[PDB]
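Working notes for the structure below.
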Amino acid sequence: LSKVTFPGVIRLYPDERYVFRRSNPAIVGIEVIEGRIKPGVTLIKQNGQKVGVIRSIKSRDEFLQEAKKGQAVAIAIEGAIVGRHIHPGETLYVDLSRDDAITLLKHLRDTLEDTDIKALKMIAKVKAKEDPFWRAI
Amino acid sequence: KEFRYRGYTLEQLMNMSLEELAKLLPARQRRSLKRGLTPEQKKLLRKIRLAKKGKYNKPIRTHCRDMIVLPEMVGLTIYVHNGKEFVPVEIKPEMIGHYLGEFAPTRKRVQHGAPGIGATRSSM
Amino acid sequence: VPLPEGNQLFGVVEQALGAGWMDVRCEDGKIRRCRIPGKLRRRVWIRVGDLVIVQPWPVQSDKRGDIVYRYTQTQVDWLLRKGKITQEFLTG
RNA sequence: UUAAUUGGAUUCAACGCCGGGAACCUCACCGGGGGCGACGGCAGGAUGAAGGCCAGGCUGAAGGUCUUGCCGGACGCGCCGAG
RNA sequence: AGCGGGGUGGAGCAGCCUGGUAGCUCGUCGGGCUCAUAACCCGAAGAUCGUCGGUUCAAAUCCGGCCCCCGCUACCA
Ligand code: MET
Ligand SMILES: [Mg+2]
Ligand SMILES: [Mg+2]
Ligand SMILES: [Mg+2]
Ligand SMILES: [Mg+2]
């Protein structure tokens with residue numbers, strides 16, 4: 001279980017307020033659409049640009065560990081810049097490993113629920129662009 | 001806007017001796033008719049006349065590609081061998097004086113592909 | 001023309017590694033370091049980007065395999081028209 | 001490319017070369033239709049083997065085969081070897 | 001977010017400032033040389049200049065509005 005990475009899809013607020021720092025690090029609020037956010041997980045767009053790795057997450061001044069469904073949290077990420085790299089109101093996807101997807105669909109099929117399966121399915125549909133493996137899911 | 005062949009309607013062509021008709025055709029047809037018809041053409045012509053009379057309610061199939069179209073053959077449909085199968089030909093008035101084989105192509109049209117290895121000097 | 005029978009499956013050659021070793025991408029989304037039997041090695045020339053039949057080794061059947069047959073242009077065209085295999089597997 | 005576009009020859013020492021100027025034949029290729037087994041033996045066979053035909057269908061056209069019954073007298077691929 | 005810089009064949013650069021032919025090297029296709037390949041020689045294709053407008057006898061060159069790319073700084077949930 002510790003080896004695989006949970007799927008996750010989020011969308012940036014179209015609100016200017018949530019942006020608290022632009023670069024080094026990029027600090028911006030987020031609401032979770034599906035899946036679970038964890039520290040040290042790479043995020044990619046539809047075209048797959050490496051926006052970096054989530055450096056830290058905080059719902060308040062306190063330090064957090066993870067965020068579940070229906071929770072808002074400010075992410076401080078590295079390698080992402082508003083504008084050229086990321087735009088407000090744009091939807092972000094968690095990069096997935098095909099071995100991890102196979103493990104989730106076959107080995108760890110007991111610990112999978114509605115939001116997780118929806119997120120993983122739509123992530124596979126989105127990633128079905130280059131490798132036919134995601135096309136066949 | 002009727003049909004005429006040398007100033008004659010179709011019916012005037014119908015009531016003509018084979019010799020009188022031969023004076024209207026081009027030289028190749030005239031020489032072919034003057035030298036007589038081959039036995040195979042005789043059998044085909046017999047079948048055609050039978051079909052016109054009201055008998056022989058069967059399709060006409062023939063290997064004779066060198067038969068000349070004649071006015072009394074107008075209106076019938078003939079199946080001419082092209083090498084591997086018989087194709088239907090519907091005889092129209094403006095076909096008088098042509099060989100049957102002209103209406104049954106023996107080669108397929110060519111659609112080229114990509115040149116293969118050895119098509120140019122550099123590919124060898 | 002012959003089809004895989006058993007654990008065999010198709011594959012696309014990706015890169016030759018030398019000394020009769022190829023790197024074949026199979027239909028199950030795996031990359032395998034495949035070994036060419038010498039019987040057909042001497043008479044059949046294989047080049048990157050071909051449809052072939054690969055049987056995985058009995059032990060560690062995830063990264064090793066043997067190539068048994070090569071599909072010519074007419075055979076792969078017939079397979080594509082029939083629909084047993086798609087175009088994106090061949091094109092990648 | 002095609003039903004087939006028959007094959008050989010690839011530096012000098014293959015490419016108006018195979019005496020290769022192919023309408024048929026040539027011809028080896030493609031579509032279709034017919035014919036053929038010395039010599040041994042098995043079935044069978046003068047109570048007639050094998051073989052041939054006026055007419056008419058089938059057919060591109062054909063006693064090739066079928067329909068319709070006439071002609072001929074001693075060998076026999078329906079079976080096995082062999083040629 | 002503010003400031004500064006730049007968009008030209010498939011690729012990387014001239015041609016500005018001084019308006020009036022769109023060049024340079026590599027790359028692709030074809031023919032040469034060699035028993036054959038690479039190297040070398042010849043010929044040809046390929047951008048009408050990031051878009052839109054203004055100016056001018058005439059604009060890739062001067063000017064302005066947009067689209068994209070790059071750099072610097074402010075920016076602590
Ligand atoms: C931090 O200032 C915080 N209020 C930003 C949004 S948390 C989802
Ligand atoms: Mg030839
Ligand atoms: Mg000639
Ligand atoms: Mg001939
Ligand atoms: Mg060379």
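What you see below is based on every heavy atom in this structure, not just the backbone, and it leaves out hydrogens, waters and symmetry mates. Below, chains carry the letters A, B, ... as their sequence lines are ordered, and counting in each starts from 1.
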Worksheet item: Distance between the P atoms of E:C42 and E:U61, in whole angstroms?
Response: 36 Å
Worksheet entry | Nucleotide E:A77, atom P - distance to CD1 of A:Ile75 in whole Å | 14 Å
Worksheet item: How far, in whole Å, is E:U28 from E:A44 if one measures between their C1' atoms?
Response: 12 Å
Worksheet item: Roughly how far apart, to the nearest Å, are E:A74 and E:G4 at atom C1'?
Response: 15 Å
Practice prompt. State the sugar conformation of D:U65 as north or south, using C1'-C2'-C3'-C4' as the deciding torsion.
Written response: north
Fill in: Linked, directly or transitively: A:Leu64 and A:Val41 (ILVMFWY side chains, under 4.5 Å)
yes
Discussion item. Would E:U73 be called syn or anti here, given the cut-off of 90° from 0?
Written reply: anti
Worksheet entry | Closest-nucleotide ordering on RNA chain D, the 5'-leading residue of B:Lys108 and B:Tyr56 | B:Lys108
Worksheet item: Given atom CZ of A:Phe63 and atom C1' of E:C76, what is their separation to the nearest angstrom?
Response: 11 Å
Worksheet item: Over how many whole Å does the gap from B:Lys47 atom NZ to D:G57 atom P extend?
Response: 12 Å
Fill in: Pair flag D:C77 x D:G37, Watson-Crick or wobble criteria, under 3.5 Å
no
Fill in: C1'-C2'-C3'-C4' sign verdict for the sugar of E:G10, north or south
north
Response to the item:
Residue pair B:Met124/A:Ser56 against RNA chain E: nearer the 5' end by closest nucleotide is B:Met124
Practice prompt. Report yes or no: do E:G27 and E:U55 constitute a Watson-Crick or wobble pair with both atom distances shorter than 3.5 Å?
Written response: no
Worksheet item: What does B:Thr106 touch in the nucleic acid at a heavy-atom separation under 4.0 angstrom: a base, only the sugar-phosphate, or nothing?
Response: base
Please tabulate the protein-to-nucleotide N/O contacts below 3.5 Å involving nucleotides 28-34 of chain E, giving atom names and distances.
from, atom 1, to, atom 2, distance (Å)
E:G31, OP1, B:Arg121, N, 3.3

Worksheet item: Contact class for B:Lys43 vs. all strands (heavy atom < 4.0 Å): base, sugar-phosphate, or nothing?
Response: sugar-phosphate
Discussion item. With clusters defined by side-chain heavy atoms of hydrophobic residues (ILVMFWY) lying less than 4.5 Å apart, directly or transitively, does A:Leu1 cluster with A:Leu120?
Written reply: yes
Worksheet item: Can D:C29 and D:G48 be counted as paired, Watson-Crick or G-U wobble, both distances less than 3.5 Å?
Response: no
Worksheet item: E:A22 and E:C13: how far apart are their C1' atoms, nearest whole angstrom?
Response: 14 Å
Discussion item. Suppose the criterion is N1-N3 plus one more Watson-Crick contact, or the two G-U wobble contacts, each under 3.5 Å; do D:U59 and D:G72 qualify?
Written reply: no
Worksheet item: What nucleotide among D:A3, D:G60, E:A77 has an atom nearest to a side-chain atom of B:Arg61?
Response: D:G60
Worksheet item: Taking 4.0 angstrom as the limit, do A:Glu130 and A:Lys127 come out as a salt bridge?
Response: yes
Worksheet item: Do A:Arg109 side-chain atoms and A:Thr103 backbone N/O form a donor-acceptor pair below 3.5 Å?
Response: no
Worksheet item: Does a side-chain N-to-carboxylate-O contact under 4.0 Å join A:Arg60 and A:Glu62?
Response: yes
Discussion item. Can you tell me if B:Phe103 has over 12 outside heavy atoms packed within less than 6.0 Å of its CZ?
Written reply: yes
Discussion item. I'd like to know if B:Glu2 and B:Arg4 make a salt bridge, using a cut-off of under 4.0 Å between side-chain N and carboxylate O.
Written reply: yes
Worksheet item: Can D:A62 be described as syn, meaning its chi torsion is within 90° of 0, or is it anti?
Response: anti
Discussion item. Is it the case that D:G31 stacks on D:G32 (six-membered ring centres closer than 5.5 Å, ring planes within an angle under 30°)?
Written reply: yes
Worksheet item: Strictly by modelled atom types, are B:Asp66 and B:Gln41 linked by a side-chain donor-acceptor pair under 3.5 Å?
Response: yes
Practice prompt. Name the orientation of the base relative to the sugar in D:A14: syn if the glycosidic angle is within 90° of 0, else anti.
Written response: anti
Worksheet item: Does the ring of D:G69 sit north or south, if a positive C1'-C2'-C3'-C4' angle means north and a negative one means south?
Response: south
Worksheet entry | Exam field: side chain B:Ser123 to backbone B:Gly118, donor-acceptor pair closer than 3.5 Å | yes
Practice prompt. Determine the interatomic distance between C1' on D:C70 and the same-named atom on D:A55; round to the nearest Å.
Written response: 12 Å
Discussion item. Please find the pair of heavy atoms, one from B:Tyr99 and one from B:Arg65, that lie closest to each other, and give the distance.
Written reply: CB-O, 3.9 Å
Discussion item. With a 4.0 Å cut-off on N to O distance, would you call A:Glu66 and A:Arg36 a salt bridge?
Written reply: no
Response to the item:
If positive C1'-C2'-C3'-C4' means north (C3'-endo side) and negative means south (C2'-endo side), then D:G60 is north
Strictly under 3.5 Å: I want the nitrogen or oxygen pairs between protein and nucleotides 67-75 of chain E, one per line.
from, atom 1, to, atom 2, distance (Å)
E:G71, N7, A:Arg84, NH2, 3.3
E:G71, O6, A:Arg84, NH2, 3.1
E:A74, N6, A:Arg22, NH1, 3.3
E:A74, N1, A:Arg22, NH1, 2.4
E:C75, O2', A:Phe20, O, 3.4
E:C75, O2, A:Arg22, N, 3.1

Worksheet item: D:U5 with D:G56: Watson-Crick or G-U wobble pair, both contacts under 3.5 Å?
Response: no
Fill in: D:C58 and D:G64 base-paired, Watson-Crick or G-U, both contacts under 3.5 Å
yes
Item to complete: Give a single yes or no on stacking for D:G56 with D:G57, with the cut-offs at 5.5 Å between ring centres and 30° between planes.
Response: yes
Item to complete: Tell me, yes or no, whether the heavy-atom count around A:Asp131 atom CG, taken from other residues, nucleotides or ligands under 6.0 Å, exceeds 12.
Response: yes
Item to complete: Please check if the side chain of A:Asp15 supplies one atom and the backbone of A:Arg17 the other of a donor-acceptor pair under 3.5 Å.
Response: no
Item to complete: Considering only atom P, compute the distance from D:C36 to D:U5 and round it to an integer number of Å.
Response: 33 Å
Worksheet item: Mapping B:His63 and B:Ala114 onto RNA chain D by nearest heavy atom, which one lands closer to the 5' end?
Response: B:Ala114
Discussion item. D:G57, OP1 or OP2 - any side-chain N/O from B:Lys58 closer than 4.0 Å?
Written reply: no
Worksheet item: Distance only, no hydrogens: is a donor on one side chain within 3.5 Å (strictly under) of an acceptor on the other, for A:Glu34 and A:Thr115?
Response: no
Practice prompt. For the residue pair B:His63 and B:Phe86, categorise the inter-ring angle as parallel (less than 30°), tilted (30 to 60°) or perpendicular (more than 60°).
Written response: parallel
Worksheet item: Where does E:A74 land, syn or anti, given syn is within 90° of 0?
Response: anti
Worksheet entry | Proximity to RNA chain D (any heavy atom under 4.0 Å), residues of residues 74-87 of chain B only | B:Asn82, B:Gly83, B:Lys84
Worksheet item: Looking for any heavy atom pair under 4.0 Å, which part of the strands does A:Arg17 touch: base, sugar-phosphate only, or nothing?
Response: nothing
Worksheet item: Atom CD of A:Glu16 to atom P of E:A1: distance rounded to whole Å?
Response: 8 Å
Worksheet item: Using the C1'-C2'-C3'-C4' torsion, which pucker class fits D:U67: north or south?
Response: north
